[PDB]
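S.K.: Below is the file final_6.cif, which contains mmCIF, C-alpha atoms.
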```cif
data_protein
#
loop_
_atom_site.label_atom_id
_atom_site.label_comp_id
_atom_site.auth_asym_id
_atom_site.auth_seq_id
_atom_site.Cartn_x
_atom_site.Cartn_y
_atom_site.Cartn_z
CA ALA A 1 -15.36 -19.04 44.26
CA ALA A 2 -12.73 -19.54 41.56
CA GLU A 3 -14.10 -23.11 41.32
CA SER A 4 -16.90 -22.18 38.83
CA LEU A 5 -17.66 -21.58 35.13
CA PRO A 6 -14.61 -19.75 33.69
CA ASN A 7 -14.50 -16.66 31.44
CA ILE A 8 -13.68 -16.52 27.70
CA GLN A 9 -15.74 -19.69 26.93
CA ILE A 10 -13.79 -20.67 23.82
CA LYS A 11 -16.33 -21.70 21.17
CA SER A 12 -15.28 -22.35 17.56
CA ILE A 13 -16.75 -19.54 15.40
CA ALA A 14 -15.90 -17.61 12.21
CA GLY A 15 -14.79 -20.90 10.58
CA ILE A 16 -11.40 -20.97 12.42
CA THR A 17 -10.33 -23.41 15.11
CA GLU A 18 -6.90 -21.92 15.94
CA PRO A 19 -7.00 -21.64 19.77
CA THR A 20 -5.05 -18.34 19.83
CA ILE A 21 -7.47 -16.74 17.38
CA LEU A 22 -10.54 -17.97 19.25
CA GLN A 23 -9.05 -16.68 22.52
CA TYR A 24 -8.21 -13.27 20.99
CA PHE A 25 -11.83 -12.53 20.15
CA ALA A 26 -13.23 -14.11 23.31
CA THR A 27 -10.94 -12.15 25.66
CA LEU A 28 -11.45 -8.91 23.73
CA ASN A 29 -15.22 -9.22 23.92
CA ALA A 30 -15.17 -9.88 27.66
CA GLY A 31 -12.94 -6.86 28.23
CA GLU A 32 -10.16 -9.14 29.53
CA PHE A 33 -7.51 -7.08 27.78
CA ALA A 34 -4.59 -8.30 29.89
CA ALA A 35 -5.50 -11.79 28.67
CA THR A 36 -5.70 -10.48 25.07
CA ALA A 37 -2.27 -8.86 25.37
CA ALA A 38 -0.89 -12.09 26.86
CA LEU A 39 -1.56 -13.90 23.58
CA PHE A 40 1.19 -11.82 21.96
CA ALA A 41 4.87 -12.73 21.80
CA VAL A 42 7.32 -10.73 23.90
CA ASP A 43 7.87 -8.48 20.87
CA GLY A 44 4.45 -8.93 19.24
CA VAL A 45 2.98 -5.89 17.49
CA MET A 46 -0.61 -4.67 17.45
CA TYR A 47 -1.45 -2.20 14.68
CA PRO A 48 -4.62 -0.27 15.62
CA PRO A 49 -6.36 1.31 12.64
CA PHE A 50 -4.75 4.65 11.73
CA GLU A 51 -2.04 4.34 14.41
CA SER A 52 1.57 3.31 14.95
CA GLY A 53 2.33 -0.28 15.91
CA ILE A 54 2.27 -1.06 19.64
CA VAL A 55 4.91 -3.53 20.84
CA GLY A 56 4.66 -6.07 23.65
CA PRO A 57 1.96 -7.39 25.99
CA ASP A 58 2.28 -4.54 28.52
CA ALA A 59 1.85 -1.73 26.00
CA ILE A 60 -0.87 -3.64 24.13
CA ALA A 61 -2.85 -4.20 27.35
CA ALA A 62 -2.58 -0.50 28.22
CA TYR A 63 -3.68 0.50 24.72
CA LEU A 64 -6.75 -1.75 24.81
CA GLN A 65 -7.79 -0.49 28.26
CA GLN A 66 -7.50 3.11 27.07
CA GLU A 67 -8.87 2.84 23.53
CA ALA A 68 -10.93 -0.35 22.98
CA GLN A 69 -13.70 0.27 25.52
CA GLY A 70 -17.19 -0.29 24.18
CA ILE A 71 -15.99 -2.08 21.02
CA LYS A 72 -17.13 -5.65 20.39
CA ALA A 73 -15.67 -7.93 17.75
CA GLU A 74 -18.10 -10.07 15.75
CA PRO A 75 -16.10 -12.42 13.51
CA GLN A 76 -18.13 -14.14 10.80
CA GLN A 77 -15.56 -16.35 9.00
CA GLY A 78 -11.85 -17.00 8.91
CA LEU A 79 -9.03 -19.02 7.42
CA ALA A 80 -5.60 -20.01 8.71
CA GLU A 81 -2.71 -21.23 6.57
CA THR A 82 0.70 -22.47 7.74
CA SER A 83 3.74 -21.24 5.78
CA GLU A 84 7.11 -22.88 5.16
CA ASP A 85 8.81 -21.02 8.01
CA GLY A 86 6.37 -22.57 10.55
CA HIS A 87 4.23 -19.45 10.94
CA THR A 88 0.44 -19.32 10.55
CA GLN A 89 -1.23 -16.59 8.48
CA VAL A 90 -4.81 -15.88 9.57
CA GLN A 91 -7.55 -13.81 7.95
CA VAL A 92 -10.85 -13.13 9.72
CA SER A 93 -13.72 -11.05 8.35
CA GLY A 94 -16.58 -9.60 10.36
CA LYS A 95 -17.82 -6.52 12.16
CA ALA A 96 -16.42 -4.22 14.84
CA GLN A 97 -19.29 -2.53 16.59
CA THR A 98 -20.74 -0.60 19.50
CA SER A 99 -24.22 -1.04 20.91
CA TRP A 100 -25.76 0.64 17.86
CA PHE A 101 -23.23 1.15 15.04
CA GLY A 102 -20.31 -0.64 13.47
CA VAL A 103 -18.08 -1.27 10.47
CA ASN A 104 -17.02 -4.21 8.29
CA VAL A 105 -13.37 -5.17 8.79
CA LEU A 106 -10.67 -7.71 8.11
CA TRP A 107 -8.52 -8.89 11.04
CA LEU A 108 -5.10 -10.17 10.00
CA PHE A 109 -2.80 -12.18 12.25
CA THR A 110 0.55 -13.88 11.98
CA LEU A 111 1.36 -16.53 14.63
CA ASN A 112 4.75 -18.01 15.39
CA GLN A 113 5.46 -21.72 15.80
CA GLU A 114 4.35 -21.57 19.45
CA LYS A 115 1.06 -19.98 18.19
CA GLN A 116 1.71 -16.59 19.84
CA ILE A 117 0.70 -13.48 17.92
CA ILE A 118 3.71 -11.88 16.23
CA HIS A 119 1.56 -9.14 14.74
CA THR A 120 -2.01 -8.22 14.02
CA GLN A 121 -3.66 -5.54 11.89
CA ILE A 122 -7.22 -4.42 11.22
CA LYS A 123 -8.15 -3.28 7.72
CA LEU A 124 -11.36 -1.46 6.79
CA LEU A 125 -13.80 -2.70 4.09
CA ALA A 126 -16.49 -0.28 2.91
CA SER A 127 -19.95 -1.57 2.02
CA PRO A 128 -20.26 -2.79 -1.59
CA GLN A 129 -20.33 -0.29 -4.47
CA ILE B 1 0.74 -18.46 -21.06
CA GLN B 2 -1.69 -17.66 -18.20
CA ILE B 3 -1.30 -19.79 -15.05
CA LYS B 4 -3.77 -19.88 -12.11
CA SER B 5 -2.69 -19.50 -8.44
CA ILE B 6 -3.86 -21.12 -5.14
CA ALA B 7 -5.83 -19.46 -2.28
CA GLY B 8 -9.14 -19.41 -0.33
CA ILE B 9 -11.08 -18.00 -3.35
CA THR B 10 -12.47 -20.34 -6.03
CA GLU B 11 -14.12 -17.34 -7.79
CA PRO B 12 -13.15 -17.56 -11.50
CA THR B 13 -13.04 -13.77 -12.00
CA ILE B 14 -10.62 -13.39 -9.07
CA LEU B 15 -8.41 -16.26 -10.22
CA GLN B 16 -8.41 -14.73 -13.73
CA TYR B 17 -7.45 -11.26 -12.49
CA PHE B 18 -4.18 -12.50 -11.03
CA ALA B 19 -3.32 -14.92 -13.82
CA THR B 20 -3.80 -12.33 -16.58
CA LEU B 21 -1.82 -9.73 -14.62
CA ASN B 22 1.05 -12.16 -14.16
CA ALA B 23 1.02 -12.95 -17.88
CA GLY B 24 1.12 -9.26 -18.82
CA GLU B 25 -2.26 -9.75 -20.53
CA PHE B 26 -3.55 -6.40 -19.33
CA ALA B 27 -6.32 -6.04 -21.91
CA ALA B 28 -7.76 -9.32 -20.60
CA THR B 29 -7.34 -8.11 -16.99
CA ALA B 30 -9.28 -4.97 -17.85
CA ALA B 31 -12.00 -6.94 -19.63
CA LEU B 32 -12.93 -8.56 -16.29
CA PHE B 33 -14.25 -5.16 -15.16
CA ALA B 34 -17.75 -3.85 -15.69
CA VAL B 35 -18.21 -1.03 -18.19
CA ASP B 36 -17.97 1.45 -15.28
CA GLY B 37 -15.84 -0.62 -12.90
CA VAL B 38 -13.10 1.28 -11.08
CA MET B 39 -9.51 0.26 -10.33
CA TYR B 40 -7.66 2.15 -7.58
CA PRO B 41 -3.87 1.84 -7.87
CA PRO B 42 -2.21 2.21 -4.46
CA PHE B 43 -1.68 5.98 -4.25
CA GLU B 44 -3.56 7.04 -7.37
CA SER B 45 -6.95 8.24 -8.56
CA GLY B 46 -9.54 5.70 -9.61
CA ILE B 47 -9.36 4.53 -13.23
CA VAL B 48 -12.80 3.76 -14.68
CA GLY B 49 -13.55 1.33 -17.49
CA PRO B 50 -11.66 -1.46 -19.27
CA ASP B 51 -10.13 0.86 -21.87
CA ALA B 52 -8.62 3.24 -19.32
CA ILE B 53 -7.67 0.39 -16.97
CA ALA B 54 -5.86 -1.51 -19.73
CA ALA B 55 -3.91 1.62 -20.72
CA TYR B 56 -2.96 2.35 -17.10
CA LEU B 57 -1.73 -1.22 -16.52
CA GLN B 58 0.26 -1.21 -19.77
CA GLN B 59 1.92 2.01 -18.59
CA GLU B 60 2.47 1.43 -14.88
CA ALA B 61 2.22 -2.30 -14.10
CA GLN B 62 4.88 -3.74 -16.41
CA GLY B 63 7.12 -6.21 -14.63
CA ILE B 64 4.83 -6.40 -11.58
CA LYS B 65 3.53 -9.81 -10.50
CA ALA B 66 0.88 -10.84 -7.99
CA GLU B 67 1.38 -13.82 -5.67
CA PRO B 68 -1.96 -14.22 -3.90
CA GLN B 69 -1.81 -16.51 -0.88
CA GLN B 70 -5.23 -16.75 0.79
CA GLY B 71 -8.58 -15.01 0.70
CA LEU B 72 -12.11 -14.62 2.00
CA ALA B 73 -15.38 -13.84 0.27
CA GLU B 74 -18.85 -12.67 1.35
CA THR B 75 -22.02 -12.35 -0.71
CA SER B 76 -24.60 -9.77 0.36
CA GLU B 77 -28.35 -9.98 -0.18
CA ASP B 78 -28.28 -7.77 -3.29
CA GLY B 79 -26.05 -10.36 -5.00
CA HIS B 80 -22.75 -8.48 -4.74
CA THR B 81 -19.63 -10.34 -3.63
CA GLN B 82 -16.82 -8.86 -1.54
CA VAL B 83 -13.40 -10.55 -1.79
CA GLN B 84 -10.23 -9.93 0.23
CA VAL B 85 -6.98 -11.58 -0.86
CA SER B 86 -3.68 -11.27 0.94
CA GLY B 87 -0.33 -11.89 -0.76
CA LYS B 88 2.63 -10.06 -2.30
CA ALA B 89 3.05 -7.73 -5.25
CA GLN B 90 6.54 -8.22 -6.52
CA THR B 91 9.10 -8.00 -9.31
CA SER B 92 11.52 -10.80 -10.22
CA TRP B 93 13.40 -10.29 -6.95
CA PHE B 94 11.68 -7.87 -4.55
CA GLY B 95 8.13 -7.42 -3.30
CA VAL B 96 5.75 -6.06 -0.65
CA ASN B 97 2.95 -7.58 1.43
CA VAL B 98 -0.43 -6.34 0.27
CA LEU B 99 -4.16 -6.88 0.52
CA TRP B 100 -6.31 -6.80 -2.64
CA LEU B 101 -9.96 -5.82 -2.15
CA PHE B 102 -12.57 -6.59 -4.78
CA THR B 103 -16.26 -6.00 -5.20
CA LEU B 104 -18.07 -8.08 -7.81
CA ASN B 105 -21.49 -7.49 -9.28
CA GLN B 106 -24.13 -10.19 -9.72
CA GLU B 107 -22.60 -11.13 -13.09
CA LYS B 108 -19.20 -11.52 -11.34
CA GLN B 109 -17.62 -8.54 -13.12
CA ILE B 110 -15.22 -6.42 -11.07
CA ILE B 111 -17.05 -3.24 -9.93
CA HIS B 112 -14.22 -2.03 -7.71
CA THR B 113 -10.75 -3.05 -6.70
CA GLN B 114 -8.04 -1.49 -4.59
CA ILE B 115 -4.72 -2.39 -2.99
CA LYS B 116 -3.79 -1.82 0.63
CA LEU B 117 -0.21 -2.06 1.87
CA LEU B 118 0.26 -4.27 4.91
CA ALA B 119 2.92 -4.04 7.64
CA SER B 120 6.49 -5.09 6.67
CA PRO B 121 8.58 -4.06 9.85
CA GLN B 122 9.21 -4.93 13.49
CA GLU B 123 9.87 -1.97 15.70
#
```
Is it possible to give me this structure as structure tokens?
M.R.:
Amino acid sequence: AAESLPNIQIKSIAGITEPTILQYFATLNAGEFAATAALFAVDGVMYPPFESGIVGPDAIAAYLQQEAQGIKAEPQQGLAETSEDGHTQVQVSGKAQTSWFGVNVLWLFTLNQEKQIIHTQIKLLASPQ
Amino acid sequence: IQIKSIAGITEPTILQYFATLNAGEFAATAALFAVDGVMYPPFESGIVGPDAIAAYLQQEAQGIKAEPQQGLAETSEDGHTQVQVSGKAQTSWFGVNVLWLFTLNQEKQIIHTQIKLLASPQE
């Protein structure tokens, strides 16, 4: 039963190989929001668009279950850079979308030395000109 | 005395924007814009055209530096380029984390730019 193909098949996409970033999008898109929340540090912060920051895996999981239904993430490219303090700064561009409409966005992440998410934000990007 | 930076954007117009800003060469910053390109300062109305953009920067951007860190770019089918650069706007000794958004036309002139403030705290 459990001995079978797993979930969240982690495939490198969006030009980023950071495991935590690949797992974030894979778990989100499978609706495995507990697993998404578990990628955050004990005091990691998720900033939903237009909302106050949500702190910690338990509150993040509950937010995603209540508010992220029917939203798929489609990353197209990304870049990760490691700073002097040992953290990793990630940018990912792509689309957030439903079955028939969506929006261009930028996902931003900062990871700690253990590669947990310390905080993430989503920024909107209107279509050109 | 203009000095380039380092990030995920090799685009000359983008590199030039930050270098001319940091040098206080605000007429040259403004010249990177199209004749009807628009600059949106963080909480302000759009300023249209190199003449108005140069005068705004000379008035309100003195002593402000840009330290871009990394960026992404996408080109659409019509030939426009969208650029996102994250970094800090800062003075000699204090700053804030920001995201610069640009749209470039086919000729790589700035059509649009704006600044978005990013999160600084930890509640």
S.K.: Give the answer as one residue: which of A:86, A:102, A:6, A:56 has the shortest atom-to-atom distance to chain B, using only C-alpha atoms?
M.R.: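 Answer, going by the shortest atom-to-atom distance: A:56.
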S.K.: Select, as a PyMOL selection string, those residues of chain A with any atom no more than 12 Å from chain B (distances computed using only C-alpha atoms).
M.R.: chain A and resi 14-15+43-49+51-56+76-83+88-94+104-110+118-129
S.K.: What's the separation between atom CA of residue A:17 and atom CA of residue A:95, in Å to one decimal place?
M.R.: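 Result for atom CA of residue A:17 versus atom CA of residue A:95: 18.7 Å, one decimal.
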S.K.: The PyMOL selection byres ((chain B and resi 40) around 10) on the file shown: which residues, as a compact mmCIF listing (two decimals) with C-alpha atoms, keeping the file's coordinate frame?
M.R.:
```
# COMPACT_ATOMS: atom_id res chain seq x y z
CA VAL B 38 -13.10 1.28 -11.08
CA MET B 39 -9.51 0.26 -10.33
CA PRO B 41 -3.87 1.84 -7.87
CA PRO B 42 -2.21 2.21 -4.46
CA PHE B 43 -1.68 5.98 -4.25
CA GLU B 44 -3.56 7.04 -7.37
CA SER B 45 -6.95 8.24 -8.56
CA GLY B 46 -9.54 5.70 -9.61
CA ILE B 47 -9.36 4.53 -13.23
CA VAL B 48 -12.80 3.76 -14.68
CA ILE B 53 -7.67 0.39 -16.97
CA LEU B 101 -9.96 -5.82 -2.15
CA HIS B 112 -14.22 -2.03 -7.71
CA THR B 113 -10.75 -3.05 -6.70
CA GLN B 114 -8.04 -1.49 -4.59
CA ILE B 115 -4.72 -2.39 -2.99
CA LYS B 116 -3.79 -1.82 0.63
```
S.K.: Expanded to explicit residues, what is the PyMOL selection byres ((chain B and resi 54) around 9) for this file, as an MDAnalysis selection string?
M.R.: chainID B and resid 26:31 49:53 55:59
S.K.: Taking (-16.1, -1.4, 21.5) as a centre in this file's frame and 9 Å as the limit, can you find every polymer residue with an atom that close, using all atoms listed in the file, and give them as a PyMOL selection string?
M.R.: chain A and resi 29+67-73+96-99
S.K.: Quick one: of A:35, A:103, A:26, A:41, who's nearest to residue A:65, counting all atoms listed in the file?
M.R.: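 Counting all atoms listed in the file, the residue closest to residue A:65 is A:35.
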S.K.: Residues at most 10 Å from residue A:8, counting all atoms listed in the file, excluding those fewer than 2 positions away in the same chain, as a VMD selection string?
M.R.: chain A and resid 5 to 6 10 to 11 22 to 32 35
S.K.: What would the selection look like, as a PyMOL selection string, if the PyMOL selection byres ((chain B and resi 94) around 12) were run on the coordinates I just shared?
M.R.: chain B and resi 63-67+88-93+95-97
S.K.: Export C-alpha atoms of the chosen residues as a PDB file, keeping the file's coordinate frame?
M.R.:
```pdb
ATOM      1  CA  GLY B  63       7.120  -6.210 -14.630  1.00  0.00           C
ATOM      2  CA  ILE B  64       4.830  -6.400 -11.580  1.00  0.00           C
ATOM      3  CA  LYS B  65       3.530  -9.810 -10.500  1.00  0.00           C
ATOM      4  CA  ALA B  66       0.880 -10.840  -7.990  1.00  0.00           C
ATOM      5  CA  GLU B  67       1.380 -13.820  -5.670  1.00  0.00           C
ATOM      6  CA  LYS B  88       2.630 -10.060  -2.300  1.00  0.00           C
ATOM      7  CA  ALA B  89       3.050  -7.730  -5.250  1.00  0.00           C
ATOM      8  CA  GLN B  90       6.540  -8.220  -6.520  1.00  0.00           C
ATOM      9  CA  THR B  91       9.100  -8.000  -9.310  1.00  0.00           C
ATOM     10  CA  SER B  92      11.520 -10.800 -10.220  1.00  0.00           C
ATOM     11  CA  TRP B  93      13.400 -10.290  -6.950  1.00  0.00           C
ATOM     12  CA  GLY B  95       8.130  -7.420  -3.300  1.00  0.00           C
ATOM     13  CA  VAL B  96       5.750  -6.060  -0.650  1.00  0.00           C
ATOM     14  CA  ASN B  97       2.950  -7.580   1.430  1.00  0.00           C
TER      15      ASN B  97
END
```
S.K.: How many Å lie between atom CA of residue A:21 and atom CA of residue A:42, rounded to one decimal?
M.R.: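 About the pair atom CA of residue A:21 and atom CA of residue A:42: they are 17.2 Å apart.
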S.K.: One decimal, Å: what's the distance from atom CA of residue B:68 over to atom CA of residue B:22, could you say?
M.R.: 10.9 Å
